[PDB]
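Colleague:
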Amino acid sequence: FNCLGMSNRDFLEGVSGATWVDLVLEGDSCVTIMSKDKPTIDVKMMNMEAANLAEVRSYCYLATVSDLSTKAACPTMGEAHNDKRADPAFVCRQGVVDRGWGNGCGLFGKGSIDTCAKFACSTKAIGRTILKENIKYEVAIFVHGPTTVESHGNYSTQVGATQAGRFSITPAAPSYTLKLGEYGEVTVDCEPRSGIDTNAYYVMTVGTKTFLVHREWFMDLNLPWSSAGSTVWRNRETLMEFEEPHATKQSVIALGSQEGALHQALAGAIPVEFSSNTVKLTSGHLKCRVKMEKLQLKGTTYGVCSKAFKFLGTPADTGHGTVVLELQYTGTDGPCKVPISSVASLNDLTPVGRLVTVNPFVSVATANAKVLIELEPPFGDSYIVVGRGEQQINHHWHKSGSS
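In PDB author numbering, the protein residues as written are 1 to 403.
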């Protein structure tokens, strides 16, 4: 539910002098928002699904042929009308065959024949549509307040501390406001109409694997099909073979399975997970506005910590040009601001970076409390300084790159 530890991570800045920021979320992506006079927040896309899918059409890729009969007519006796022709489950084909004394007719000539066969589908693939109605996004936001290495990634710890909360976004309710205790609240306005429209591509299940398939490509499939709530097969002759007409018994066969020919035409399509009638989504995004109007820095009257801090290990690169570190405070002088900054030279009285964990606190009055700090040092050499004068500790850092 956080950005710390992830590899897909982006940083954004409140534009100078407003209270809202536009962004574009992504699947399994995390955005960190840094605003002036306001705490830093993480906004992560947790989930995105569509549920209660509607069936559009089904295609048969393996069919059976049974109950073969051919009605025959002698020359001058008209066209043969096989009586199965009115049965909706049967496929019929009219033909013409030579007839004579040798095979049953008193007169010579061409004879009419009508062969029919029952059509049954053994295995089929089901297409289903996603209506923008169905789509749910689930989002999480975390406030960079006082945290610990052990508590920073712990959800119930942060939910209890009123620093994080998960919530969902639908086209029905594309907006939400999360109460963050004494940090105020953050308001999100979202635009859940993106990448996929009311009828854009479909969800096709072929055997055990489910795919997201192009809509026009789906409806053009050269296979027998039936409609949403109807088991009547149309275009069935693509899976059948009527063999050479014979005066008494013309042969009809079904083809072998066409599943290979589907997966062959699905060798690059996007597979998708589809369980308990809901479908998980990996692609796609979500445009939103984040509103930090009522987002407040909390307890900023407190004084700067007086006593000494101690490092609890070598600070570590996050993989995003920032470093993490965890201090420990020997002092007991209540909640106080941690005097931490990133400088170039040791005796410089100015920073050269920016704190990702804006406004660090020790939050308790007891001794030996721990606090996690994230911060962006400049490229090249720098020092991370904590404390003033005799209690001053520092740590040299080097960051690799040019621009």
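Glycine included, each C-beta is placed from N, C-alpha and C at the ideal position.
Would a C-beta distance cut-off of 7 Å place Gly14 and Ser35 closer than the cut-off?
Modeller: Their beta carbons are under 7 Å apart, which means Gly14 touches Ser35 by this criterion.
Colleague: Using 8 Å for Cβ pairs, my map puts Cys190 next to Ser175. What's the rounded Cβ distance?
Modeller: Between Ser175 and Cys190 the Cβ distance is about 7 Å, and since that is below 8 Å, they are a contact.
Colleague: Counting C-beta neighbours from all protein chains within 10 Å, is the total for residue 407 16 or more, i.e. buried, or is it exposed?
Modeller: Residue 407 is absent from the model: the chain starts at 1 and stops at 403.
Colleague: In angstroms with no decimal places, state the Cα-to-Cα distance between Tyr59 and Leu221.
Modeller: Their backbone Cα atoms lie some 8 Å apart in a straight line.
Colleague: Would you kindly report the start and end of the unbroken alpha helix (DSSP H) that includes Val149?
Modeller: Taken as a continuous stretch (DSSP letters only), the alpha helix (DSSP H) holding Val149 covers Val149 to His152.
Colleague: State the Cα-Cα distance for the pair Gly165 and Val139, rounded to the nearest angstrom.
Modeller: When rounded, the distance between both Cα atoms is 9 Å.
Colleague: Roughly how many whole angstroms lie between the Cα atoms of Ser16 and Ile33?
Modeller: Going from the Cα of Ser16 to the Cα of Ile33 covers about 13 Å.
Colleague: Can you grab the Cα-Cα spacing for the pair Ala200 / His214, in whole Å?
Modeller: The alpha-carbon atoms of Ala200 and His214 are separated by roughly 7 Å.
Colleague: Enumerate in chain order the residues of its own chain whose CB-to-CB distance from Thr148 is below 8 Å, with the five nearest sequence positions on each side excluded.
Modeller: Result list for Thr148: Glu326, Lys370, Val371 and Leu372, in chain order.
Colleague: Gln158 lies in the alpha helix (DSSP H); which residues open and close that run?
Modeller: Per DSSP, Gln158 belongs to the alpha helix (DSSP H) from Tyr155 to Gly160.
Colleague: Would you mind sorting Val304 into buried or exposed? The rule is 16 or more other CB atoms within 10 Å of its CB.
Modeller: Per the 10 Å Cβ criterion, exposed.
Colleague: For a test of the three-state rule: what should DSSP assign to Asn134, helix, strand or coil?
Modeller: Note: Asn134 maps to helix in three-state DSSP.
Colleague: CB residue 423 to CB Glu243, shorter than 7 Å?
Modeller: No statement about residue 423 is possible, as the shown extent of the chain runs from 1 to 403 and does not include it.
Colleague: Please determine, among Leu178, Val352, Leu349 and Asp67, the residue with the shortest C-alpha to C-alpha distance to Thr115.
Modeller: The shortest C-alpha separation from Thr115 is found at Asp67.
Colleague: For the candidate residues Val343, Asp317, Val188 and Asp83, whose alpha-carbon lies nearest to that of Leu178?
Modeller: Of the listed residues, the one whose Cα sits closest to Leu178 is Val188.
Colleague: What does the alpha-carbon distance come out to for the pair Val143 and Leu180?
Modeller: Taking the straight line from one Cα to the other gives about 8 Å.
Colleague: Please state whether DSSP places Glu244 in a helix, a strand or coil.
Modeller: It is coil, neither helix nor strand.
Colleague: Excluding the five sequence neighbours on either side, which residues of its own chain have a C-beta within less than 8 Å of the C-beta of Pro315, listed in chain order?
Modeller: Only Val323, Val324, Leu325, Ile384, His395 and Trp397 meet the Cβ criterion.
Colleague: From the DSSP output, read off the bridge partner residues of residue 405.
Modeller: No information on residue 405 is available, as it lies outside the stretch 1 to 403 that the chain covers here.
Colleague: For the alpha helix (DSSP H) holding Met77, just list the boundary residues, first then last.
Modeller: Premise fails: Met77 is in no alpha helix (DSSP H) and is neither H nor E.
Colleague: Does the beta-carbon distance from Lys136 to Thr170 come in below 7 Å?
Modeller: Taking 7 Å as the Cβ cut-off, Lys136 and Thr170 qualify as a contacting pair.
Colleague: Quick one, which of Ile113, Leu62 and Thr330 has its alpha-carbon nearest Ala254's?
Modeller: Here the closest residue by C-alpha is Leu62.
Colleague: Which ranges does the beta strand (DSSP E) cover as unbroken runs of at least 3 residues, wholly within the segment 33-73, from first to last along the chain?
Modeller: Listed in chain order, the complete beta strand (DSSP E) runs (minimum 3 residues) inside the segment 33-73 are 41-51 and 54-72.
Colleague: Taking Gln391 as the reference, which of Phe311, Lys209 and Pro351 has the closest Cα?
Modeller: Ranking the options by Cα distance to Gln391, first place goes to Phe311.
Colleague: Rank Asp197, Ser363 and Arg354 by C-alpha distance to the C-alpha of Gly331 and give the top, closest one.
Modeller: The option with the nearest alpha carbon to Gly331 is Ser363.
Colleague: Roughly how many whole angstroms lie between the Cα atoms of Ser151 and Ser7?
Modeller: Approximately 20 Å between the Cα atoms of the pair.
Colleague: Exposed or buried, what is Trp101 when buried is set at 16 or more other beta-carbons lying within 10 Å of its beta-carbon?
Modeller: Label assigned to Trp101: exposed.
Colleague: Determine the contact status of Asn103 and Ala247, defining contact as a CB-CB distance below 7 Å.
Modeller: Cβ distance < 7 Å, so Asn103 and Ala247 count as in contact.
Colleague: How many angstroms separate the CA atom of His263 from the CA atom of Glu216?
Modeller: Distance between the alpha carbons of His263 and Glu216: 17 Å.
Colleague: Please state the DSSP three-state secondary structure of residue 407.
Modeller: Residue numbering for the chain in the displayed model covers 1 to 403; residue 407 lies beyond these limits and cannot be assessed.
Colleague: Counting only runs of 4+ residues fully inside the segment 208-235, write out the alpha helix (DSSP H) ranges in chain order.
Modeller: Segments of the alpha helix (DSSP H) lying fully in the segment 208-235: 215-219.
Colleague: Rounding to the nearest angstrom, what Cα-Cα distance links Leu131 and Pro271 in this structure?
Modeller: Their backbone Cα atoms lie some 19 Å apart in a straight line.
Colleague: Under 6 Å from any heavy atom of the ligand ZN, does the C-beta of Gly111 make it?
Modeller: As for the ligand ZN, it is missing from this structure, which has no ligand bound.
Colleague: Helix, strand or coil: which one does DSSP assign to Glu13?
Modeller: Strand.
Colleague: Name, in chain order, the residues that DSSP records as bridge partners for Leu297.
Modeller: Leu297 pairs with nothing; no bridge assigned.
Colleague: Between the Cα of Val279 and those of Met219, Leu346 and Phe211, spot the shortest distance and give me the residue it belongs to.
Modeller: Cα-wise, what sits closest to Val279 is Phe211.
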